[PDB]
Amino acid sequence: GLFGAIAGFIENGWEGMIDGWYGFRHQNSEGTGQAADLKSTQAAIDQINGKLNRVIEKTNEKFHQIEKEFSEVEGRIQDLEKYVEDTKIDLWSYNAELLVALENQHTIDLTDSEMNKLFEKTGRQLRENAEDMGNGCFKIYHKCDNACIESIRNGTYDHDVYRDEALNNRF
Amino acid sequence: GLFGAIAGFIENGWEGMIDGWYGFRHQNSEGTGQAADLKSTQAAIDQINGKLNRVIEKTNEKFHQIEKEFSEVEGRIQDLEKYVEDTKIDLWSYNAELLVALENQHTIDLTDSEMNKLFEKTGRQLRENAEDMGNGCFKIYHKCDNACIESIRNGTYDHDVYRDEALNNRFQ
Amino acid sequence: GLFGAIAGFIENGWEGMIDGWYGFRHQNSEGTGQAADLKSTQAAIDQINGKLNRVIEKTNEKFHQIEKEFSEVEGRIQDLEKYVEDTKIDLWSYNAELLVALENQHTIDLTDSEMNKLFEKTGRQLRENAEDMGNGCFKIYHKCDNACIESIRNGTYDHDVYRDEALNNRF
Amino acid sequence: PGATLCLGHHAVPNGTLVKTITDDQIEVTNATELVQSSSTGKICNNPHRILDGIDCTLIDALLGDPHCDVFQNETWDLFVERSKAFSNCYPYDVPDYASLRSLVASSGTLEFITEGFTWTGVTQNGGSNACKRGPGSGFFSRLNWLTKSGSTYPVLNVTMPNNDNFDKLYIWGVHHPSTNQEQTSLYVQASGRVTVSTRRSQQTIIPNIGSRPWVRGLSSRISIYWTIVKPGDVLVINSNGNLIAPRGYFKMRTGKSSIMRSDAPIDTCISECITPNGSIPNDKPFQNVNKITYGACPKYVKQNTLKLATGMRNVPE
Amino acid sequence: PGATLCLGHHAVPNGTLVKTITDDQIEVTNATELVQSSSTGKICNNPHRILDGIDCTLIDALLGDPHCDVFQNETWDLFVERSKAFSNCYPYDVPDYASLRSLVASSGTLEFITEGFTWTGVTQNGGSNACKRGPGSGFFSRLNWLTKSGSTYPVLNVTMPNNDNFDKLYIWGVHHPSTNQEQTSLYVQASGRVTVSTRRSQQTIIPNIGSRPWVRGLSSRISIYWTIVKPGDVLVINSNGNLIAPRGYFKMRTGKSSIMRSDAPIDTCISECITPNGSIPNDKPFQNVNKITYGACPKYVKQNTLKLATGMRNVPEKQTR
Amino acid sequence: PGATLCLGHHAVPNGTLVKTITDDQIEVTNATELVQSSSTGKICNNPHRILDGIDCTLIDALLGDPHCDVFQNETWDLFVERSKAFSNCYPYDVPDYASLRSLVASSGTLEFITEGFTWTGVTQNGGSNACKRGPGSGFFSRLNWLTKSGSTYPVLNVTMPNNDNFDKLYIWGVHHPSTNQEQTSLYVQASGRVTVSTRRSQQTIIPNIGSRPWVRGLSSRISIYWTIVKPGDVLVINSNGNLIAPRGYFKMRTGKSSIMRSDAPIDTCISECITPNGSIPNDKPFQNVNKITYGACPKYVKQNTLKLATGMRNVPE
Ligand SMILES: CC(=O)N[C@@H]1[C@@H](O)[C@H](O[C@@H]2O[C@H](CO)[C@H](O)[C@H](O[C@@H]3O[C@H](CO)[C@@H](O[C@@H]4O[C@H](CO[C@]5(C(=O)O)C[C@H](O)[C@@H](NC(C)=O)[C@H]([C@H](O)[C@H](O)CO)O5)[C@H](O)[C@H](O)[C@H]4O)[C@H](O)[C@H]3NC(C)=O)[C@H]2O)[C@@H](CO)O[C@H]1O
Ligand SMILES: CC(=O)N[C@@H]1[C@@H](O)[C@H](O[C@@H]2O[C@H](CO)[C@H](O)[C@H](O[C@@H]3O[C@H](CO)[C@@H](O[C@@H]4O[C@H](CO[C@]5(C(=O)O)C[C@H](O)[C@@H](NC(C)=O)[C@H]([C@H](O)[C@H](O)CO)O5)[C@H](O)[C@H](O)[C@H]4O)[C@H](O)[C@H]3NC(C)=O)[C@H]2O)[C@@H](CO)O[C@H]1O
Ligand SMILES: *[C@@H]1O[C@H](CO)[C@@H](O[C@@H]2O[C@H](CO)[C@@H](O[C@@H]3O[C@H](CO)[C@@H](O)[C@H](O[C@H]4O[C@H](CO)[C@@H](O)[C@H](O)[C@@H]4O)[C@@H]3O)[C@H](O)[C@H]2NC(C)=O)[C@H](O)[C@H]1NC(C)=O
Ligand SMILES: *[C@@H]1O[C@H](CO)[C@@H](O[C@@H]2O[C@H](CO)[C@@H](O[C@@H]3O[C@H](CO[C@H]4O[C@H](CO)[C@@H](O)[C@H](O)[C@@H]4O)[C@@H](O)[C@H](O)[C@@H]3O)[C@H](O)[C@H]2NC(C)=O)[C@H](O)[C@H]1NC(C)=O
Ligand SMILES: CC(=O)N[C@@H]1[C@@H](O)[C@H](O[C@@H]2O[C@H](CO[C@]3(C(=O)O)C[C@H](O)[C@@H](NC(C)=O)[C@H]([C@H](O)[C@H](O)CO)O3)[C@H](O)[C@H](O)[C@H]2O)[C@@H](CO)O[C@H]1O
Ligand SMILES: *[C@@H]1O[C@H](CO)[C@@H](O[C@@H]2O[C@H](CO)[C@@H](O[C@@H]3O[C@H](CO)[C@@H](O)[C@H](O)[C@@H]3O)[C@H](O)[C@H]2NC(C)=O)[C@H](O)[C@H]1NC(C)=O
Ligand SMILES: *[C@@H]1O[C@H](CO)[C@@H](O[C@@H]2O[C@H](CO)[C@@H](O[C@@H]3O[C@H](CO)[C@@H](O)[C@H](O)[C@@H]3O)[C@H](O)[C@H]2NC(C)=O)[C@H](O)[C@H]1NC(C)=O
Ligand SMILES: *[C@@H]1O[C@H](CO)[C@@H](O[C@@H]2O[C@H](CO)[C@@H](O[C@@H]3O[C@H](CO)[C@@H](O)[C@H](O)[C@@H]3O)[C@H](O)[C@H]2NC(C)=O)[C@H](O)[C@H]1NC(C)=O
Ligand SMILES: *[C@@H]1O[C@H](CO)[C@@H](O[C@@H]2O[C@H](CO)[C@@H](O)[C@H](O)[C@H]2NC(C)=O)[C@H](O)[C@H]1NC(C)=O
Ligand SMILES: *[C@@H]1O[C@H](CO)[C@@H](O[C@@H]2O[C@H](CO)[C@@H](O)[C@H](O)[C@H]2NC(C)=O)[C@H](O)[C@H]1NC(C)=O
Ligand SMILES: *[C@@H]1O[C@H](CO)[C@@H](O[C@@H]2O[C@H](CO)[C@@H](O)[C@H](O)[C@H]2NC(C)=O)[C@H](O)[C@H]1NC(C)=O
Ligand SMILES: *[C@@H]1O[C@H](CO)[C@@H](O)[C@H](O)[C@H]1NC(C)=O
Ligand SMILES: *[C@@H]1O[C@H](CO)[C@@H](O)[C@H](O)[C@H]1NC(C)=O
Ligand SMILES: *[C@@H]1O[C@H](CO)[C@@H](O)[C@H](O)[C@H]1NC(C)=O
Ligand SMILES: *[C@@H]1O[C@H](CO)[C@@H](O)[C@H](O)[C@H]1NC(C)=O
Ligand SMILES: *[C@@H]1O[C@H](CO)[C@@H](O)[C@H](O)[C@H]1NC(C)=O
């Protein structure tokens, strides 16, 4: 994707994350754990549902039209009826092919984007207490218990509380 | 949008910024102030003007065509004439609907992008003298008067001049 | 472009890089050098091959159709035959104009993206041993000979080896 | 000591392939089908009024072929013509059959109003053993076969004004004898003529005498014609032989009615969209079942499948 | 100590909702309308040459209905037919009326060149009280009603070669009497015949005697036909009764000319695009006024409005009110 | 003493301008052309079977104009009609010529099967000096000009059933004399009539006697008609003068065959796509050469050029 996260600096997905599309895995003094991020999951879900509902926005209604199958050879008028119908079908098939291609490139790029937004959001939260390892993981330079991990995930992490402890470990 | 700035880590727009699309607000020892950024404003405006003029790239010209309303019932030939036109109208209506949706998604993404470019450009300028607060605001770890703020906005900010002062405030 | 690298914070292209689309230039104690980055080049190249092969996904096949030039005036049936064809041609002409506009916008953005991805990847690699100068160049705060430069380019750069030396030069 | 915090995204062990601008095949975690490619094989009898022609074409029901008499009081949104239908009355052709079939299908009714045409000096209600009714010879119910009375066939000249506020459809015909002997025996004059006119237009038919292939015992034929009379207009019929006269008119409507050729059975269910293969759901925007449709239908495309990605790129572990 | 530097973007008090790929309605700071949905109700008389038909259809002007004499030799880019038009000459039909109307409308001219046809042994210039010209009986100006001279109507065999380098359009007809008395009284022969032919084509029409609905005093009719003669071809007319003869040919052209049904008045203004509702501006790419158009026009679509975003996303500051 | 590491991209000295969503002209490092706008000027004789009509229209080869005799039983994927073509037989017209030309062109064959029609009491093989075969007078090879035998022309009434499993195409005609002397001299009866019918269709043509403009010495004419007979159906021909009889039928096929008007010469090469200008390559998706095409062809568009970017934005040093 355009943003280089999914199938990028994040090496692969987590087949074990079944309760959300994006999330966190951590290792600290208390062990390891996994948790999904609801907000990013919703942003991707919401946008994909939006485009899905625009695409399946209900169908046109047609009644009496032209004949499209013929049991006898007729020449000029029938040549035109078939050509009109064949022309219409080719233009709609092209539209369907292009629509799906554009939509699908965009769906991959927007989901890549939402992964990247969560990663940048997390790093800005951590300020000078962490460093980007390059694989989607942060090294957190201070003791971060399970409560401290939850504080990062639910957006209430006060970086100043650990800044002194973290700065001396970094430098 | 794809970049997460407008309606993202920037909480809202400024109704009081009436002279530009993107800009700066600051607080220092001399008070508060606001200034629009012309380059980012211009970059987004040029692109929107560009796509607007491509869309209205003037119209086709048609003269004698087929009839499209009929005062008598005729059957096969009139069925075909109506079907041809109804087919054309449906395909053009589809084209118009897809065009505005694609254009508008892209316009929201490109204006989002210019906000992000200006934000990243500013942060690179500040180097090790500032820290990103996460809401589009930088905390600047040194005394920065109006001249110093203006120097950031017009691209003439020499980070080396304040680097020592700012590094000691950052690390303790 | 959307990412602000090509024709953005990178001031211009390198006409002298003939062995790749993206690459590195360095200056150190041993002089200057240039090297193309194959992975980023190939990522953009693979993608452009993909869309090129979709667009050249070969043509439809038509045989007997309607007549499209006429030597006599006939009125109603010929009015319709001409209108059917002129309607078709305008719709395909529109499809072609839109196709290249979308394709080319996307090609500029995806190549801009790959430039940005390489720049971000490098900065993550350098960790606390370098600073972004704002023009696509990193100032490297430690002795980095040719062996050290190639190690950055081929992904084997151990940041911890230079971290103490680099932190002391930065601060 | 400290901690590690990794950001990530989900995956599934085996995704689904979609197409993009750059890839014919790229694997995502989920997708949904945009092309309806199957039918139940049955035409649902709701919400549209379905009329099964069974053994009858619409034209044979219109003319009043005796085995199609059951359709006289009928209306439809969709008339369904079966490949087993057959004609079983006087042998006939319709120049511009397709237009007559189309304008009747679109009107959606066979409602017939009898008018008192006065046919002075001719015998009415001719019949044939090629069009049996009960034990005897018979004819199309809506047509009136006129022949000589005594030894003369006068010039017929009748008029019928349209003083209603709806269009009238008149169905009429011309009899083409197989020999000169039957021509003069039926119509006295050696050459017939049928002129049917309104204020602004007219149709003139000359009968054709000659031998044709045997159909239900006969080498002769009837050709069927039609005339629409708008409110305030007037019908005039003028003939000195071979007229197959209308008995009245069909009331025309405008609306959503149509006709379809199909052998799919009719079932008790609800479906907005009908194809000759049967009803199809219309939740998807496209369909590959049949370019012939009726109702609120997905658009017909050539692809049998098109996948819309509903998830991210699938990067399995 | 220190300082704060906040990056931001503008917002406006009154945004507009637009459609995108992911949202049917999301708010941006500004947008612009892509569908032209109004007309003035008037057809601009420039830059196209507009010819108001007034009381006359194009066909009645072509044949030369007397109250349409004012249209002789007229030209147009757009002939405008009004719903008040009426016929006031011999009752007639044109088999394939729509094609004759279309090919004349497209040709854009009624320029008529009289030719010296020699009609030996017949009376010319027949007229009717159903087609008054001045106080007396008359006829379509461009047609020549031939009847018997003395007691005979000979087999007519006349020729008119095309020695010019342009195509000739010939309008001719066949007369359908209401009674056998009329047929023999006008044409001697009990059954007429009109054959008009060129080197590669021929048309033969046999008249039918009988009553049609009473129109302007007549139960009889005239049927109108046409023949195009290319350079190097020759028109031949063969008839032994019931011929309604041409007096010459209409010059044919190719160009931008057409015809439109409309009751909109014609005004002095400038507009490239014309609809039956009146002229419309063509600055927008689409329009919902009428699928019938003439000129440099926006494409007709079904939507009555389509907003193209011309600004960023409008994110107002949330309020406690 | 540190080091500098600059990330960058290539540029070329002279890029090419392309169009985007926001720019009608912007410079990239490379692009490729999507509109085919040139032709070789020649029609390649592979892989499609090209049949050069030379001096003959398809219709003249069908009827059997003597200088078109070489086209007997020919087949084609694309019949090429040349502007130099001429007719050199009896002067004729085909009502709905365009439909006859189209349905034969699409069938792709002139395969003709002679059938044993018996024409009792008439003379066969009439000819004209306007249609010479060798030094003597002659006629269309596939038609049989019948005239009186001795002093009589009886009513012809003949039958030919279709007992095969394919459709038969019958070509027949009506002769229009220039004078009454020709009419009675050739057919005795003062007025002819031609009725050709199947079970489902019938056509009756009355000849028109009179002078038409001189063509190849003749003011008389023949009018050409056709009748298709499906399996199990029967052809009946009924006439008391002026019949131009068929000698058999043409076999009909369905397939990829067509016809094209072109003066491009035929060359020995391989090309899928054919226009009247000549063959064109089909590697590009669009073309601006001709809206008339045959084969696997790029779609016709109005633009003469459309550049697809194959490289990044070009930012020279
Ligand atoms: C004193 C005097 O001269 N009076 C006149 C009467 O004679 C005359 O009646 C007719 O007289 C002649 C002899 O002069 C003859 O007897 C007529 O009888 C016909 O006979 C032929 C020979 O067998 C017979 O032909 C067969 O017909 C069938 C088809 O038949 C029907 C049908 O079912 O289609 C019978 C229908 O009643 C008839 N309908 C009508 C309205 O006429 C139709 C119809 O005529 C045809 O469909 C037209 O195409 O035909 C088949 O064709 C066989 O191959 C064939 O052998 C006829 O069926 C006999 N006709 C009748 C009516 O029975 C006799 O009628 C009288 C009227 O002409 O006038 C007096 O002045
Ligand atoms: C010595 C000798 O024999 N001389 C010959 C003349 O007799 C002969 O003239 C004709 O003779 C008969 C009797 O022999 C009769 O007198 C004819 O007079 C007609 O009379 C009827 C009844 O009054 C009348 O019919 C009415 O017509 C109107 C409308 O008619 C017009 C019209 O306005 O359309 C009048 C036009 O002049 C006329 N134009 C032409 C070119 O003929 C047309 C035209 O006839 C029709 O439109 C064709 O369809 O008709 C209305 O239809 C009423 O309902 C109807 O009763 C006719 O109008 C009288 N005829 C005329 C010409 O006025 C008389 O013609 C002469 C020619 O045959 O030859 C001598 O040698
Ligand atoms: C074949 O049948 C039709 C219908 O029966 C018949 O046509 C009819 O002819 C009468 C004349 O007898 C027409 O009556 C006219 O009606 C108009 C109104 O639209 C009146 O203006 C006319 O009145 C004036 O003219 C009369 C001349 O006879 C005077 O007597 C009268 O006092 C007035 O001055 C006139 O009465 C009628 O309109 C038509 N009907 C239709 C439907 O056309 C036709 O004549 C018959 N043909 C034959 C050969 O018998
Ligand atoms: C002009 O020629 C026509 C062709 O010869 C004549 O028509 C023929 O007329 C006879 C009697 O007049 C008919 O004989 C009848 O035939 C049926 C059988 O019908 C069908 O059955 C087989 C199936 O096995 C089918 O394949 C055939 O095509 C038959 O059509 C018999 O059962 C009856 O007894 C009856 O005698 C012919 O059927 C009929 N043929 C055609 C093709 O119309 C016509 O009479 C001649 N005209 C004149 C004026 O002489
Ligand atoms: C039988 C014959 O040759 N009789 C002489 C007439 O031909 C000749 O009149 C001239 O005839 C010219 C056309 O003649 C042919 C033709 O088309 O070449 C001759 C054919 O034998 C004849 N074929 C048949 C089957 O009858 C054919 C046919 O009658 C017509 O084409 C039917 O329309 O005509 C041409 O018309 C000249 O204009 C004409 O003068 C006369 C007098 O010269 O002498 C006859 O002996
Ligand atoms: C936001 O977009 C709207 C368009 O929807 C802009 O409104 C348009 O503003 C222009 C100003 O140049 C108006 O054009 C002028 O019209 C007058 C006559 O009305 C004419 O004399 C001038 O020469 C010029 O053409 C235009 O009418 C107007 N459109 C509407 C629908 O109001 C608006 O200006 C945009 N706002 C911003 C801040 O960009
Ligand atoms: C009806 O009138 C037309 C025209 O007057 C007559 O047709 C003409 O017939 C003559 C026959 O002598 C044709 O002349 C021929 O011309 C060639 C050269 O073109 C000459 O070499 C021959 O010797 C011969 O004389 C003339 O072309 C032809 N005109 C047209 C336009 O075809 C016709 O005969 C008349 N018919 C009746 C029944 O009155
Ligand atoms: C392939 O063949 C077609 C048709 O044979 C060519 O189209 C023709 O192109 C010429 C000029 O390119 C047109 O000439 C016209 O001349 C008049 C008078 O000067 C002028 O008013 C027109 O604007 C035009 O230039 C000709 O009409 C046109 N014919 C058709 C049917 O479109 C086509 O150019 C050929 N393409 C190649 C690549 O050879
Ligand atoms: C894959 O995507 C489709 C489309 O979003 C999901 O199908 C929807 O499922 C919900 C129930 O979970 C239904 O209410 C909707 O009607 C379905 N939509 C369509 C278009 O069918 C599907 O559940 C997704 N699968 C997974 C594993 O996430
Ligand atoms: C729906 O019916 C149509 C028409 O019968 C089917 O199309 C035919 O399919 C057969 C078998 O594949 C082909 O031999 C014919 O050439 C097809 N005819 C036409 C006109 O396309 C179609 O396959 C059916 N589809 C479904 C899903 O039932
Ligand atoms: C332009 O004129 C057309 C008709 O010529 C208008 O559309 C019709 O509006 C009437 C209103 O009673 C409807 O009954 C018809 O069904 C409409 N016809 C069609 C073809 O849609 C149209 O609204 C006019 N537009 C403007 C802007 O005046
Ligand atoms: C990477 O660079 C180092 C030093 O520049 C070199 O010795 C080595 O061979 C390169 N490749 C790998 C896989 O280490
Ligand atoms: C049509 O309706 C009438 C009276 O309403 C009824 O008597 C007649 O039987 C009906 N016909 C059919 C075919 O049902
Ligand atoms: C029409 O034009 C022709 C040729 O220009 C001319 O001879 C004729 O007199 C004109 N007629 C009128 C009524 O102006
Ligand atoms: C453009 O197309 C191909 C590269 O894919 C190559 O043949 C050609 O030299 C390229 N031109 C430039 C200027 O890069
Ligand atoms: C034409 O058709 C068949 C061969 O398909 C054969 O009976 C006949 O002789 C063929 N004639 C020629 C000239 O090929």
Side-chain angles (χ1 to χ4, degrees), chain A residues 1 6-7 10 12-15 17-18 20-29 44 48 52 55-56 58-65 67-69 85 89-90 92-93 96-97 100-105 107-108 111-112 115 118-119 122 130 136-144 149 152 169, chain D residues 1-13 18-23 26 28-29 31-32 34-35 77 98 102 105-106 255-259 261 272-273 276 282-286 291-303 306-317:
Chain A
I6 301 183
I10 300 193
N12 48 270
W14 295 330
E15 282 170 34
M17 174 161 290
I18 60 175
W21 288 22
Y22 315 94
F24 310 87
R25 281 183 180 176
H26 69 90
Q27 183 177 41
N28 67 358
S29 47
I48 290 175
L52 177 57
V55 165
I56 69 185
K58 261 308 226 278
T59 61
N60 55 317
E61 198 171 13
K62 303 298 188 187
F63 299 111
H64 197 55
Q65 299 152 66
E67 300 298 333
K68 301 169 181 188
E69 292 180 7
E85 186 62 9
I89 291 169
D90 283 346
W92 277 110
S93 302
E97 190 73 36
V100 145
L102 298 172
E103 293 277 15
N104 289 345
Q105 197 86 31
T107 292
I108 285 163
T111 50
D112 194 15
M115 181 79 259
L118 182 61
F119 180 77
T122 306
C137 300
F138 294 93
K139 177 175 179 61
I140 296 177
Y141 284 84
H142 64 80
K143 185 114 308 183
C144 190
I149 297 288
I152 300 172
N169 294 126
Chain D
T4 305
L5 183 62
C6 294
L7 281 297
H9 59 89
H10 71 347
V12 301
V18 299
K19 311 176 83 166
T20 65
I21 296 308
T22 60
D23 288 280
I26 191 172
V28 293
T29 63
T32 200
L34 291 190
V35 176
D77 297 328
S102 172
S106 191
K256 67 203 299 247
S257 295
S258 190
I259 188 160
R261 301 185 180 91
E272 295 286 353
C273 182
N282 64 2
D283 62 288
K284 302 174 176 74
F286 306 112
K291 57 188 175 294
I292 300 169
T293 67
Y294 178 86
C297 289
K299 304 270 77 188
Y300 181 81
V301 301
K302 282 174 308 182
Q303 304 97 323
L306 282 171
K307 296 293 216 319
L308 182 72
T310 52
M312 67 184 66
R313 178 87 168 278
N314 193 46
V315 191
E317 310 200 21

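What you see below is based on every heavy atom in this structure, not just the backbone, and it leaves out hydrogens, waters and symmetry mates. Sequence lines set the chain letters: A, B, ... in the order given, protein chains first and strands last, and positions in each chain run from 1.
- Taking OG1 from A/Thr111 and CZ from D/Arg313, the interatomic distance works out to 10.0 Å, rounded to the nearest 0.5 Å.
- Here CZ of A/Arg25 is found 13.5 Å from OG1 of D/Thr4. Values are rounded to the nearest 0.5 Å.
- For the atom pair A/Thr107 OG1 and D/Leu308 CG, the distance stands at 6.0 Å (nearest 0.5 Å).
- Only the backbone of D/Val12 comes within less than 4.5 Å of a heavy atom in chain A; its side chain stays farther off.
- Separating the CG atom in D/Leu7 from the OH atom in A/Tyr22 is a distance of 11.5 Å, to the nearest 0.5 Å.
- For A/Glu97, the parts lying near chain D are the backbone and the side chain together; criterion is any non-hydrogen pair under 4.5 Å.
- Residues D/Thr32 and A/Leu52 come closest through the heavy atom pair CG2-CD1, 3.8 Å.
- Listed options D/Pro1, D/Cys6, D/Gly2 were ranked by heavy-atom pairs under 4.5 angstrom with chain A; first place goes to D/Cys6.
- The most heavy-atom pairs under 4.5 Å with chain D, out of A/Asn28, A/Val100, A/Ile152, come from A/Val100.
- Interface remark: D/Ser257 contributes backbone atoms only to the contact with chain A (heavy atom separation under 4.5 Å).
- Using a 4.5 Å cut-off between heavy atoms, A/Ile18 does not touch chain D at all.
- Atom-to-atom distance recorded for D/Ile21:CD1 and A/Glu103:CD is 10.5 Å, nearest 0.5 angstrom.
- A distance of 10.5 Å separates CD of A/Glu61 from OG1 of D/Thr293, quoted to the nearest 0.5 Å.
- Within the 4.5 angstrom heavy-atom criterion, only side-chain atoms of D/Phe286, from C-beta onward, approach chain A.
- Using a 4.5 Å cut-off between heavy atoms, A/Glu69 touches chain D through backbone and side chain atoms alike.
- For D/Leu34, the part lying near chain A is the side chain, with the backbone staying farther off; criterion is any non-hydrogen pair under 4.5 Å.
- Looking at A/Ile6, the atoms closer than 4.5 Å to chain D (heavy atoms on both sides) sit in the backbone and in the side chain alike.
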For this session: Apply side-chain contact (heavy atoms from CB on, under 4.5 Å) to A/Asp90 and D/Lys302, showing your working.
Result: CA-CA 8 Å; A/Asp90 283 346; D/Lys302 282 174 308 182; 2.9 Å; yes
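- With chain D as partner, the option from A/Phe24, A/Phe138, A/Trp21, A/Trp92 having the largest number of non-hydrogen pairs under 4.5 angstrom is A/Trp21.
- With a 4.5 angstrom heavy-atom cutoff, D/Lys284 touches chain A only via backbone atoms.
- A/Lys68 touches chain D through backbone and side chain together, each having a heavy atom under 4.5 Å away.
- Of the listed residues D/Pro276, D/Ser102, D/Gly255, the one with more heavy-atom pairs under 4.5 angstrom with chain A than any other is D/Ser102.
- Residues D/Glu317 and A/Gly13 share a closest heavy-atom pair of CG-O, 3.2 Å.
- By number of non-hydrogen pairs under 4.5 angstrom with chain A, the leading residue of D/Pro285, D/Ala309, D/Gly311 is D/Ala309.
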Exercise. For D/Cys297 and A/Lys62, what are the C-alpha separation, side-chain angles and deciding distance, and is it a side-chain contact (heavy atoms from CB on, under 4.5 Å)?
Worked result: CA-CA 8 Å; D/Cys297 289; A/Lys62 303 298 188 187; over 6 Å; no
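- Contacts of A/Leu102 with chain D are made by both backbone and side-chain atoms, with heavy-atom separations under 4.5 Å.
- Counting heavy-atom pairs closer than 4.5 Å to chain A, the top-ranked of the candidates D/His10, D/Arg261, D/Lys256 is D/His10.
- Between chain A and the options D/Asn314, D/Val18, D/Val301, the largest number of non-hydrogen pairs under 4.5 Å is found for D/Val301.
- The residue among A/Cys144, A/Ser29, A/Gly23, A/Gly20 with the most heavy atom pairs within less than 4.5 Å of chain D is A/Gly23.
- Between A/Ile56 and D/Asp283 the shortest heavy-atom distance is CB-O, 3.9 Å.
- Between the side chain of A/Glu15 and the main chain of D/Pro316, no donor-acceptor pair closer than 3.5 Å is present.
- The candidate from A/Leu118, A/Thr122, A/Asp112, A/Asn169 with the greatest count of non-hydrogen atom pairs under 4.5 Å with chain D is A/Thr122.
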